[PDB]
Amino acid sequence: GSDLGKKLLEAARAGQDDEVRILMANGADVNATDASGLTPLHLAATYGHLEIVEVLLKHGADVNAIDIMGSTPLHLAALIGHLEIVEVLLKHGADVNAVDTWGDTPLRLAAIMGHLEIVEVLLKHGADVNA
């Protein structure tokens with residue numbers, strides 16, 4: 001039979017907000033992970049799907065879920081450059097100073113990418129310049 005968690009990951013990545021809600025109401029685990037540890041929240045945060053990020057969080061998504069590389073959804077939003085998603089993640093308790101496998105924080109990632117508005121937001125939320 002079909003895997004609801006795999007469908008939830010695909011709906012979160014595709015930006016299908018109606019399907020995300022339906023899947024979860026029918027038993028899809030909000031914290032379903034693929035082979036690399038990516039959750040629906042990691043995918044919605046990467047693809048810039050703000051409403052899906054908010055829906056996932058309201059349904060109990062782990063805001064600080066880490067994949068095999070230690071990337072939290074905040075790392076992914078800061079790297080790509082989704083400002084409103086960074087702000088929503090921080091509001092829901094994202095670890096501003098989370099360090100991935102390469103020793104990078106969301107602040108480092110936003111800085112190297114030249115995402116200055118995100119840099120300022122992270123710093124205002126307690127990003128440690130020495131982490």
# chains A, B, ... in the order shown; residues from 1 in each chain; ligands from 1

$ closest_atom_pairs --of "region 55-80 of chain A" --to "region 92-116 of chain A" --cutoff "6 Å" --atoms "only C-alpha atoms" --output "Markdown table"
| residue | atom | partner | partner_atom | distance |
| --- | --- | --- | --- | --- |
| A:63 | CA | A:94 | CA | 5.6 |
| A:64 | CA | A:94 | CA | 5.8 |
| A:69 | CA | A:101 | CA | 5.2 |
| A:70 | CA | A:100 | CA | 4.2 |
| A:71 | CA | A:100 | CA | 5.3 |
| A:75 | CA | A:106 | CA | 4.5 |
| A:78 | CA | A:110 | CA | 5.0 |
| A:79 | CA | A:109 | CA | 5.2 |

$ atom_distance --atom1 "CA of residue 124 (chain A)" --atom2 "CA of residue 42 (chain A)"
22.9 Å

$ residues_around --residues "region 17-26 of chain A" --least-positions-apart "3" --cutoff "9 Å" --atoms "only C-alpha atoms" --output "ChimeraX atom specification"
/A:4-5,7-9,11-12,14,29-30,49,51-52,55-56,59

$ residues_around --residues "residue 36 (chain A)" --least-positions-apart "3" --cutoff "10 Å" --atoms "only C-alpha atoms" --output "list in words"
residues 33, 39, 66, 67, 68 and 69 of chain A

$ atom_distance --atom1 "CA of residue 46 (chain A)" --atom2 "CA of residue 10 (chain A)"
12.6 Å
